[PDB]
Structures are given as structure tokens and as C-alpha cells.
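**Student:** Structure file input08.cif (mmCIF, C-alpha atoms) right here:
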```
data_model
loop_
_atom_site.label_atom_id
_atom_site.label_comp_id
_atom_site.auth_asym_id
_atom_site.auth_seq_id
_atom_site.Cartn_x
_atom_site.Cartn_y
_atom_site.Cartn_z
CA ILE A 413 111.98 72.70 104.79
CA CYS A 414 113.18 70.42 107.59
CA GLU A 415 115.02 67.14 107.09
CA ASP A 416 112.44 65.18 109.08
CA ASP A 417 109.57 66.67 107.06
CA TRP A 418 111.04 65.46 103.76
CA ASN A 419 111.57 61.93 105.10
CA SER A 420 107.95 61.85 106.33
CA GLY A 421 106.58 61.83 102.77
CA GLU A 422 104.71 65.12 103.05
CA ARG A 423 103.09 66.42 99.87
CA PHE A 424 104.51 69.74 98.65
CA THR A 425 102.94 71.74 95.82
CA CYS A 426 104.50 74.63 93.89
CA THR A 427 102.00 76.97 92.20
CA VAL A 428 103.13 79.34 89.45
CA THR A 429 101.44 82.74 89.11
CA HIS A 430 102.23 83.91 85.57
CA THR A 431 100.35 86.57 83.62
CA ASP A 432 100.44 84.71 80.30
CA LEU A 433 98.85 81.50 81.60
CA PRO A 434 95.38 82.13 83.10
CA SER A 435 95.50 78.78 84.93
CA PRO A 436 98.10 78.33 87.71
CA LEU A 437 99.76 74.96 87.16
CA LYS A 438 100.26 72.64 90.14
CA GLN A 439 103.49 70.66 90.51
CA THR A 440 103.75 68.00 93.23
CA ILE A 441 107.15 67.07 94.69
CA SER A 442 107.40 64.29 97.27
CA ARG A 443 109.86 61.57 98.23
CA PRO A 444 108.45 58.13 97.30
CA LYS A 445 108.23 56.12 100.51
CA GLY A 446 108.37 52.34 100.65
CA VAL A 447 111.56 51.91 98.59
CA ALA A 448 114.36 49.63 99.76
CA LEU A 449 117.98 50.68 100.27
CA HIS A 450 120.83 48.97 98.43
CA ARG A 451 124.59 49.44 98.63
CA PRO A 452 125.96 50.91 95.37
CA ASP A 453 128.78 49.07 93.62
CA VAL A 454 131.47 51.21 91.97
CA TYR A 455 133.31 49.68 89.00
CA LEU A 456 136.06 51.38 86.99
CA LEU A 457 136.49 50.35 83.36
CA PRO A 458 139.94 51.20 81.92
CA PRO A 459 140.13 52.08 78.22
CA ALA A 460 140.64 49.18 75.84
CA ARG A 461 143.79 48.59 73.81
CA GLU A 462 141.89 49.33 70.58
CA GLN A 463 141.31 52.96 71.61
CA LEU A 464 144.95 53.89 72.38
CA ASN A 465 145.98 53.80 68.71
CA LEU A 466 145.28 57.30 67.34
CA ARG A 467 147.15 58.95 70.26
CA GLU B 230 59.96 99.08 90.63
CA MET B 231 62.32 97.38 88.17
CA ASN B 232 65.20 95.06 89.00
CA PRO B 233 68.59 96.70 88.34
CA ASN B 234 70.79 95.27 85.61
CA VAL B 235 74.16 93.98 86.83
CA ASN B 236 77.17 94.11 84.50
CA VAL B 237 80.83 93.51 85.33
CA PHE B 238 83.67 94.65 83.07
CA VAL B 239 86.97 92.80 82.70
CA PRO B 240 90.45 93.90 81.54
CA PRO B 241 91.38 93.24 77.90
CA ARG B 242 92.76 89.83 77.01
CA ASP B 243 95.98 91.33 75.58
CA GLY B 244 96.87 93.24 78.75
CA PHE B 245 95.81 96.47 80.40
CA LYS B 252 97.08 97.34 87.87
CA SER B 253 93.51 97.69 86.60
CA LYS B 254 90.01 98.48 87.89
CA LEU B 255 86.69 96.64 88.04
CA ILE B 256 83.51 98.53 87.12
CA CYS B 257 80.05 97.30 88.17
CA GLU B 258 77.16 99.29 86.68
CA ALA B 259 73.50 99.33 87.72
CA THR B 260 71.17 101.08 85.27
CA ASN B 261 67.42 101.60 84.85
CA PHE B 262 66.78 101.12 88.57
CA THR B 263 64.33 102.80 90.94
CA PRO B 264 64.35 104.26 93.54
CA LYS B 265 67.66 106.16 93.55
CA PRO B 266 69.08 104.72 96.84
CA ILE B 267 71.09 101.59 96.10
CA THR B 268 74.06 99.78 97.65
CA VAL B 269 76.89 98.16 95.67
CA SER B 270 79.66 96.02 97.17
CA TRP B 271 82.41 93.68 95.98
CA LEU B 272 83.42 90.11 96.82
CA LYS B 273 86.69 88.21 96.40
CA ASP B 274 86.48 84.40 96.32
CA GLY B 275 83.38 84.53 98.51
CA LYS B 276 85.06 86.76 101.11
CA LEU B 277 83.95 90.22 102.18
CA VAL B 278 86.08 93.12 100.94
CA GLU B 279 86.93 95.68 103.63
CA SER B 280 89.06 98.15 101.65
CA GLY B 281 90.19 99.03 98.15
CA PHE B 282 86.78 99.92 96.70
CA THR B 283 84.98 103.22 96.13
CA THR B 284 81.48 104.17 94.98
CA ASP B 285 80.89 107.16 92.71
CA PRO B 286 77.87 109.43 93.29
CA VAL B 287 74.69 108.39 91.50
CA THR B 288 74.05 110.39 88.33
CA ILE B 289 70.94 110.96 86.21
CA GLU B 290 70.95 109.32 82.77
CA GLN B 297 63.36 108.70 84.87
CA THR B 298 66.43 106.47 85.18
CA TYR B 299 69.60 106.62 87.27
CA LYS B 300 73.12 105.26 86.86
CA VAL B 301 75.58 104.21 89.58
CA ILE B 302 79.13 102.91 89.09
CA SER B 303 81.69 101.36 91.42
CA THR B 304 85.48 101.07 91.22
CA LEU B 305 87.50 98.21 92.73
CA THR B 306 91.30 98.24 92.72
CA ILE B 307 92.85 94.90 91.73
CA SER B 308 96.32 93.65 90.84
CA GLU B 309 97.34 91.96 87.60
CA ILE B 310 98.65 88.82 89.33
CA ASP B 311 95.53 88.26 91.45
CA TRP B 312 93.07 88.83 88.60
CA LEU B 313 94.81 86.42 86.22
CA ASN B 314 95.06 83.66 88.86
CA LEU B 315 91.41 82.71 88.19
CA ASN B 316 90.21 84.43 91.36
CA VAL B 317 86.44 84.77 91.68
CA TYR B 318 85.09 88.33 91.91
CA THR B 319 81.38 88.97 92.46
CA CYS B 320 79.49 92.27 92.40
CA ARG B 321 76.68 92.35 94.97
CA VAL B 322 73.71 94.65 94.34
CA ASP B 323 70.96 95.14 96.93
CA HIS B 324 67.73 96.76 95.75
CA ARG B 325 64.23 96.57 97.27
CA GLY B 326 65.27 93.63 99.44
CA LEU B 327 66.66 91.64 96.49
CA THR B 328 70.29 90.57 96.10
CA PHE B 329 71.91 90.07 92.68
CA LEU B 330 75.24 88.29 92.23
CA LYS B 331 77.29 88.23 89.02
CA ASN B 332 80.35 86.00 88.65
CA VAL B 333 83.12 86.59 86.10
CA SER B 334 86.30 84.75 85.14
CA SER B 335 89.05 84.76 82.54
CA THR B 336 87.73 84.18 79.02
CA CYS B 337 91.02 82.85 77.61
CA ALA B 338 91.22 80.24 80.40
CA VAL C 228 100.82 124.13 86.63
CA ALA C 229 101.89 120.85 84.98
CA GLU C 230 101.71 118.90 81.72
CA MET C 231 101.29 115.12 81.87
CA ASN C 232 100.48 112.66 79.10
CA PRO C 233 97.03 111.11 79.64
CA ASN C 234 96.73 107.39 80.37
CA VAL C 235 94.34 105.43 78.13
CA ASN C 236 92.52 102.39 79.52
CA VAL C 237 89.83 100.36 77.73
CA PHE C 238 87.33 98.05 79.44
CA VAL C 239 85.72 95.18 77.54
CA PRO C 240 82.88 92.82 78.54
CA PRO C 241 83.69 89.21 79.46
CA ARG C 242 82.45 86.11 77.64
CA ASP C 243 79.27 86.18 79.78
CA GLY C 244 78.82 89.96 79.60
CA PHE C 245 76.05 89.88 76.97
CA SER C 246 72.35 89.73 77.84
CA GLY C 247 68.95 90.84 76.60
CA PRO C 248 66.93 89.89 73.52
CA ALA C 249 68.86 88.71 70.49
CA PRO C 250 71.04 90.26 69.22
CA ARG C 251 72.70 90.97 72.59
CA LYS C 252 74.53 94.24 73.19
CA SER C 253 77.17 95.47 75.63
CA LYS C 254 79.18 98.61 76.40
CA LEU C 255 82.81 99.73 76.18
CA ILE C 256 84.41 102.06 78.73
CA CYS C 257 87.41 104.28 77.95
CA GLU C 258 88.70 106.31 80.89
CA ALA C 259 91.58 108.79 81.07
CA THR C 260 92.96 109.67 84.50
CA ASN C 261 95.80 111.73 85.98
CA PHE C 262 95.85 114.09 82.98
CA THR C 263 96.34 117.86 82.86
CA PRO C 264 95.03 120.37 81.86
CA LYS C 265 91.28 119.77 82.21
CA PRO C 266 90.35 119.91 78.47
CA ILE C 267 90.48 116.55 76.70
CA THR C 268 88.87 115.00 73.61
CA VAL C 269 87.62 111.40 73.61
CA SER C 270 86.67 109.62 70.38
CA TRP C 271 85.77 106.04 69.46
CA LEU C 272 87.11 104.15 66.44
CA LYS C 273 85.87 100.81 65.09
CA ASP C 274 88.20 99.10 62.59
CA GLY C 275 89.42 102.51 61.44
CA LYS C 276 85.90 103.92 61.06
CA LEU C 277 84.77 106.84 63.20
CA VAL C 278 81.71 106.16 65.38
CA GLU C 279 79.20 109.03 65.25
CA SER C 280 76.30 107.47 67.19
CA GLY C 281 75.56 105.20 70.12
CA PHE C 282 78.11 106.80 72.45
CA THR C 283 77.78 109.00 75.53
CA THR C 284 80.67 110.86 77.18
CA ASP C 285 80.33 111.81 80.83
CA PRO C 286 81.33 115.34 81.90
CA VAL C 287 84.87 115.77 83.18
CA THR C 288 84.97 115.68 86.98
CA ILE C 289 87.71 116.31 89.53
CA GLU C 290 89.20 113.11 90.96
CA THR C 295 99.62 119.08 94.41
CA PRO C 296 98.86 119.27 90.69
CA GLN C 297 95.17 119.34 89.80
CA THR C 298 93.79 116.08 88.42
CA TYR C 299 90.75 115.25 86.31
CA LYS C 300 88.97 112.17 84.98
CA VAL C 301 86.71 111.45 82.00
CA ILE C 302 84.43 108.47 81.35
CA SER C 303 83.06 107.50 77.93
CA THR C 304 80.63 104.69 77.09
CA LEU C 305 80.08 103.17 73.64
CA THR C 306 77.37 100.61 72.90
CA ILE C 307 78.54 97.60 70.87
CA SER C 308 76.85 94.57 69.33
CA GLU C 309 77.67 90.95 70.11
CA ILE C 310 77.84 90.03 66.41
CA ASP C 311 80.50 92.67 65.74
CA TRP C 312 82.54 91.47 68.72
CA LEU C 313 82.47 87.86 67.49
CA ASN C 314 83.93 88.98 64.14
CA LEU C 315 87.25 89.85 65.86
CA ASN C 316 86.60 93.56 65.35
CA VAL C 317 89.15 95.89 66.95
CA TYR C 318 87.91 98.92 68.89
CA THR C 319 90.25 101.89 69.33
CA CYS C 320 89.75 104.75 71.80
CA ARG C 321 91.04 108.06 70.44
CA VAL C 322 92.27 110.56 73.05
CA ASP C 323 93.38 114.07 72.07
CA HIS C 324 95.29 116.16 74.61
CA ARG C 325 97.15 119.39 73.78
CA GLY C 326 97.54 118.30 70.16
CA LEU C 327 98.79 114.81 71.10
CA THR C 328 96.96 111.67 69.99
CA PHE C 329 97.00 108.44 72.00
CA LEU C 330 95.47 105.23 70.65
CA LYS C 331 94.74 101.95 72.44
CA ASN C 332 93.81 98.74 70.61
CA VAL C 333 91.84 95.91 72.22
CA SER C 334 90.46 92.66 70.81
CA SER C 335 88.96 89.34 71.87
CA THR C 336 92.00 87.43 70.59
CA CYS C 337 94.07 85.69 73.25
#
```
Would you write the structure of this file as C-alpha cells?
**Tutor:**
Amino acid sequence: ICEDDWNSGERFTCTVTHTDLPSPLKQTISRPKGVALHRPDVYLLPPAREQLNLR
Amino acid sequence: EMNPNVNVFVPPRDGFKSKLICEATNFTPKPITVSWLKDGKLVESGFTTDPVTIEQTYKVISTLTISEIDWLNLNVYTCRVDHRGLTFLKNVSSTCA
Amino acid sequence: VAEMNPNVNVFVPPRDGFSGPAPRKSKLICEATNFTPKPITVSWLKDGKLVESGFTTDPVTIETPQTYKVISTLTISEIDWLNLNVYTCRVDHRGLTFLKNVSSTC
């Protein structure tokens, strides 16, 4: 698919054709539009002094 | 003048490509036309009609080539029988569905 | 000119394949194709019991090795089908026996 198509919120459906299941299941995959963007914050937690005892 | 009986056979539930058989029996006169449909669409190839035999009654059978994937995808197959200006349609589907 | 093992296929009616006055009845079709030589024996078995009536076998007709086809029809009852009865088509070819088992179970 194209990058612009995914950002446009188009509805895509994958249909499975399996011999065991008489009914082809429908799975819908789409990017949820209307969500805000936030800047992630990366924090690094060093190990505590109570963990560096058993070596 | 008796209306022909329409019967459509299906592959076994536990597995068998396969063939579809549509049988018209106890019909008169001998001339009769049998066709096949796929999801309401005309079929242009992949079907053959055997010569009419004598069972007075007559028997005519038809053979349609189908694939395992298409048949099990809940596709609609209809046998069309035309006799004395009357059209008979029989619809079949998966029993285990 | 050639020796090939026959292929056994069994056709069963659908859930809506029964009609007529009660009890309803249907038919079973066992067809062997692409077999050689021409002679072939077709028999019907119902839960291990041989069926000696209610069946009609069509004459063998011609469908490069020579090929032949055979069609057999057995009348069955709706009540027997609902009891999960298993129908077996017995095919004999050059002393070889091929059996196919079908049932309404999914």
C-alpha cells in the first residue's frame, strides 16, 4: 500500500479462505484518525543498591 | 406434462477438486436444457451435459467442475432447469456452516 | 495398455436435499473415473452391511491410454442419514478393493 493511503484512514479487510472453516472471517485493519501527537519522554532507571548484592 | 425434479449434490463434509451433479428425472418431453450459475452470474465454461438416457421416463445429468477453495467459501451455486417454459432454481450451501 | 488404480468419489445430498412425502428420500452417487481396464465392480455398504436392493448401476461408458467411467446410484432414507450412518462405496478392480467412508459429521 502507499504511505498516503494509510494516513487517509482507508478501511482494509483481509479475508481468509481456509478449507476447514466454511465461513471466511473478515479482519479490519485501519489507522485510527483523530488522535493527538505527543512527544515521548525517555527516562533511564539505574539499578538500585539493594540489587547489586548477590553479584 | 410433469415438472422435472431438481436435485443438487454436494461434496462430503469430511473432504472429497470435485464435481457438481444436477439431476432431472421423471420429466417429459425428452428435450430439456440444464445450466449452472455461480453467485448469480452466468457460467460460460467448465460445465458439460451428458446425453439423456432412458430410465416412460428419462434421466439427464450435468457435471460442473469446481475447486475446493471456491466451494468452501460459501459461494452460491444454482442449477437452472428450463422445461415447457418453466424455470426451476435450486440453491445449495455448506451444511457445516 | 496400462494399469491405474481407480479413484473413488462419493456424492452426498445437502441439508436441503430431501423432498417428497414423509419420510423423505435421497440418492447417493459413487463414480470411478480414469481407471483401466474397462471391467470394474461397484458395491454399496451401509454400516458394514451389504445393500442388495434399491440401487442401480449405470453401464460403463467411454469418457493415449483408454479411459472409462461408471456411475452408481443408491437410494437412501432421511431417517437413516440422521442417525449418523456411514455409507461405504466398495470398488473392486483387478482384485484390489478400495473403500471410501462418508458421513454427515463435521
**Student:** Report as a PyMOL selection string the full result of the PyMOL selection byres ((chain B and resi 256) around 6) when it is applied to this structure.
**Tutor:** chain B and resi 237-238+255+257+303-304
**Student:** Taking into account only C-alpha atoms, which residue in the set A:415, A:432, A:453, A:462 is nearest to chain C?
**Tutor:**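 Selected residue with least distance to chain C: A:432.
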**Student:** Distance limit 7 Å, atoms considered: only C-alpha atoms. Which chain B residues sit that close to chain A? Return them as a list in words.
**Tutor:**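 Here they are: residues 310, 313, 314, 315, 335 and 338 of chain B.
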**Student:** Could you write out that same residue set with C-alpha atoms as a PDB file, in the frame of the given file?
**Tutor:**
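Saved result, part34.pdb, follows:
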```pdb
ATOM      1  CA  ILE B 310      98.650  88.820  89.330  1.00  0.00           C
ATOM      2  CA  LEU B 313      94.810  86.420  86.220  1.00  0.00           C
ATOM      3  CA  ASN B 314      95.060  83.660  88.860  1.00  0.00           C
ATOM      4  CA  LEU B 315      91.410  82.710  88.190  1.00  0.00           C
ATOM      5  CA  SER B 335      89.050  84.760  82.540  1.00  0.00           C
ATOM      6  CA  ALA B 338      91.220  80.240  80.400  1.00  0.00           C
TER       7      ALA B 338
END
```
**Student:** Given the file above and the PyMOL selection byres ((chain B and resi 323) around 9), which residues are selected, and can you give them as a short mmCIF file (atom, residue, chain, number, x, y, z; two decimals) with C-alpha atoms, in the frame of the given file?
**Tutor:**
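Output contents, as saved in part-v7.cif:
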```
data_model
loop_
_atom_site.label_atom_id
_atom_site.label_comp_id
_atom_site.auth_asym_id
_atom_site.auth_seq_id
_atom_site.Cartn_x
_atom_site.Cartn_y
_atom_site.Cartn_z
CA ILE B 267 71.09 101.59 96.10
CA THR B 268 74.06 99.78 97.65
CA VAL B 269 76.89 98.16 95.67
CA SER B 270 79.66 96.02 97.17
CA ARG B 321 76.68 92.35 94.97
CA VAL B 322 73.71 94.65 94.34
CA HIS B 324 67.73 96.76 95.75
CA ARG B 325 64.23 96.57 97.27
CA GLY B 326 65.27 93.63 99.44
CA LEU B 327 66.66 91.64 96.49
CA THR B 328 70.29 90.57 96.10
CA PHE B 329 71.91 90.07 92.68
#
```
**Student:** Could you please select, counting only C-alpha atoms, the residues of chain C within 9 Å of chain B and state them as JSON, numbers by chain?
**Tutor:** {"C": [236, 237, 238, 239, 240, 241, 242, 243, 244, 245, 253, 254, 255, 256, 333, 334, 335, 336, 337]}
**Student:** With C-alpha atoms retained, could you export that selection as an mmCIF file, keeping the file's coordinate frame?
**Tutor:**
```
data_model
loop_
_atom_site.group_PDB
_atom_site.id
_atom_site.type_symbol
_atom_site.label_atom_id
_atom_site.label_comp_id
_atom_site.auth_asym_id
_atom_site.auth_seq_id
_atom_site.Cartn_x
_atom_site.Cartn_y
_atom_site.Cartn_z
ATOM 1 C CA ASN C 236 92.520 102.390 79.520
ATOM 2 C CA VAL C 237 89.830 100.360 77.730
ATOM 3 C CA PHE C 238 87.330 98.050 79.440
ATOM 4 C CA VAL C 239 85.720 95.180 77.540
ATOM 5 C CA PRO C 240 82.880 92.820 78.540
ATOM 6 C CA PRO C 241 83.690 89.210 79.460
ATOM 7 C CA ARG C 242 82.450 86.110 77.640
ATOM 8 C CA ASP C 243 79.270 86.180 79.780
ATOM 9 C CA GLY C 244 78.820 89.960 79.600
ATOM 10 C CA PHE C 245 76.050 89.880 76.970
ATOM 11 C CA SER C 253 77.170 95.470 75.630
ATOM 12 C CA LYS C 254 79.180 98.610 76.400
ATOM 13 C CA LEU C 255 82.810 99.730 76.180
ATOM 14 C CA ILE C 256 84.410 102.060 78.730
ATOM 15 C CA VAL C 333 91.840 95.910 72.220
ATOM 16 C CA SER C 334 90.460 92.660 70.810
ATOM 17 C CA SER C 335 88.960 89.340 71.870
ATOM 18 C CA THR C 336 92.000 87.430 70.590
ATOM 19 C CA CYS C 337 94.070 85.690 73.250
#
```
**Student:** Work out how far apart CA of residue 271 in chain C and CA of residue 286 in chain B are and give it in Å to one decimal.
**Tutor:**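 These two atoms are separated by 25.3 Å.
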**Student:** Which centre and edge lengths in Å to one decimal define the box along x, y and z that fits every listed atom of range 419-427 of chain A plus 6 Å per side, as JSON?
**Tutor:**
```
{"center_x": 106.8, "center_y": 69.4, "center_z": 99.3, "size_x": 21.6, "size_y": 27.1, "size_z": 26.1}
```
**Student:** Applying the PyMOL selection byres ((chain C and resi 288) around 12) to the file I just gave you, which residues come out? Please list them as a VMD selection string.
**Tutor:** (chain B and resid 285 to 286) or (chain C and resid 258 to 262 265 to 267 284 to 287 289 to 290 297 to 302)
**Student:** Report as a PDB file with C-alpha atoms, in the coordinates of the input all protein, DNA and RNA residues lying within 12 Å of range 444-451 of chain A, evaluated on only C-alpha atoms, omitting residues in the same chain fewer than 5 positions from it.
**Tutor:**
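Result saved to result24.pdb:
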```
ATOM      1  CA  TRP A 418     111.040  65.460 103.760  1.00  0.00           C
ATOM      2  CA  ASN A 419     111.570  61.930 105.100  1.00  0.00           C
ATOM      3  CA  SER A 420     107.950  61.850 106.330  1.00  0.00           C
ATOM      4  CA  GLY A 421     106.580  61.830 102.770  1.00  0.00           C
ATOM      5  CA  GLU A 422     104.710  65.120 103.050  1.00  0.00           C
ATOM      6  CA  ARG A 423     103.090  66.420  99.870  1.00  0.00           C
TER       7      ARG A 423
END
```
**Student:** What does the distance from CA of residue 414 in chain A to CA of residue 437 in chain A come to in Å, to one decimal?
**Tutor:**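 Computed distance, CA of residue 414 in chain A to CA of residue 437 in chain A, equals 24.9 Å.
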**Student:** Output range 414-430 of chain A with N, CA, C and O atoms present, as an mmCIF file, keeping the file's coordinate frame.
**Tutor:**
```
data_model
loop_
_atom_site.group_PDB
_atom_site.id
_atom_site.type_symbol
_atom_site.label_atom_id
_atom_site.label_comp_id
_atom_site.auth_asym_id
_atom_site.auth_seq_id
_atom_site.Cartn_x
_atom_site.Cartn_y
_atom_site.Cartn_z
ATOM 1 N N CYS A 414 112.388 71.187 106.635
ATOM 2 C CA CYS A 414 113.180 70.420 107.590
ATOM 3 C C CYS A 414 113.512 69.044 107.023
ATOM 4 O O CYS A 414 112.822 68.516 106.148
ATOM 5 N N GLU A 415 114.601 68.467 107.538
ATOM 6 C CA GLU A 415 115.020 67.140 107.090
ATOM 7 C C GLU A 415 113.993 66.079 107.452
ATOM 8 O O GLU A 415 113.708 65.182 106.650
ATOM 9 N N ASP A 416 113.425 66.162 108.657
ATOM 10 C CA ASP A 416 112.440 65.180 109.080
ATOM 11 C C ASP A 416 111.161 65.275 108.254
ATOM 12 O O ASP A 416 110.512 64.258 107.982
ATOM 13 N N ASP A 417 110.781 66.490 107.853
ATOM 14 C CA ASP A 417 109.570 66.670 107.060
ATOM 15 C C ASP A 417 109.684 65.984 105.705
ATOM 16 O O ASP A 417 108.725 65.364 105.229
ATOM 17 N N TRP A 418 110.849 66.092 105.063
ATOM 18 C CA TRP A 418 111.040 65.460 103.760
ATOM 19 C C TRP A 418 110.987 63.941 103.865
ATOM 20 O O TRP A 418 110.414 63.272 102.998
ATOM 21 N N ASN A 419 111.580 63.378 104.920
ATOM 22 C CA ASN A 419 111.570 61.930 105.100
ATOM 23 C C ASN A 419 110.208 61.397 105.525
ATOM 24 O O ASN A 419 110.003 60.179 105.486
ATOM 25 N N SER A 420 109.281 62.264 105.921
ATOM 26 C CA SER A 420 107.950 61.850 106.330
ATOM 27 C C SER A 420 106.986 61.700 105.156
ATOM 28 O O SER A 420 105.827 61.326 105.366
ATOM 29 N N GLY A 421 107.434 61.980 103.935
ATOM 30 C CA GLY A 421 106.580 61.830 102.770
ATOM 31 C C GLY A 421 105.483 62.860 102.649
ATOM 32 O O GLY A 421 104.429 62.567 102.075
ATOM 33 N N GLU A 422 105.699 64.063 103.173
ATOM 34 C CA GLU A 422 104.710 65.120 103.050
ATOM 35 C C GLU A 422 104.585 65.584 101.606
ATOM 36 O O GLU A 422 105.561 65.600 100.849
ATOM 37 N N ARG A 423 103.370 65.966 101.225
ATOM 38 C CA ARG A 423 103.090 66.420 99.870
ATOM 39 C C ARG A 423 103.310 67.922 99.778
ATOM 40 O O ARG A 423 102.678 68.695 100.504
ATOM 41 N N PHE A 424 104.209 68.331 98.886
ATOM 42 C CA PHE A 424 104.510 69.740 98.650
ATOM 43 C C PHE A 424 104.092 70.108 97.234
ATOM 44 O O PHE A 424 104.344 69.359 96.285
ATOM 45 N N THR A 425 103.457 71.271 97.096
ATOM 46 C CA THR A 425 102.940 71.740 95.820
ATOM 47 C C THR A 425 103.465 73.136 95.534
ATOM 48 O O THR A 425 103.341 74.029 96.378
ATOM 49 N N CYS A 426 104.044 73.322 94.351
ATOM 50 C CA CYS A 426 104.500 74.630 93.890
ATOM 51 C C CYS A 426 103.511 75.151 92.851
ATOM 52 O O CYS A 426 103.265 74.491 91.835
ATOM 53 N N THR A 427 102.952 76.329 93.106
ATOM 54 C CA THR A 427 102.000 76.970 92.200
ATOM 55 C C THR A 427 102.662 78.169 91.546
ATOM 56 O O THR A 427 103.287 78.992 92.224
ATOM 57 N N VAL A 428 102.532 78.261 90.226
ATOM 58 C CA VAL A 428 103.130 79.340 89.450
ATOM 59 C C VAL A 428 102.048 80.366 89.128
ATOM 60 O O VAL A 428 100.948 80.010 88.686
ATOM 61 N N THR A 429 102.356 81.636 89.369
ATOM 62 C CA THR A 429 101.440 82.740 89.110
ATOM 63 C C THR A 429 102.046 83.584 87.988
ATOM 64 O O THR A 429 102.787 84.537 88.235
ATOM 65 N N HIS A 430 101.725 83.223 86.750
ATOM 66 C CA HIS A 430 102.230 83.910 85.570
ATOM 67 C C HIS A 430 101.085 84.603 84.845
ATOM 68 O O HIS A 430 99.958 84.100 84.798
#
```
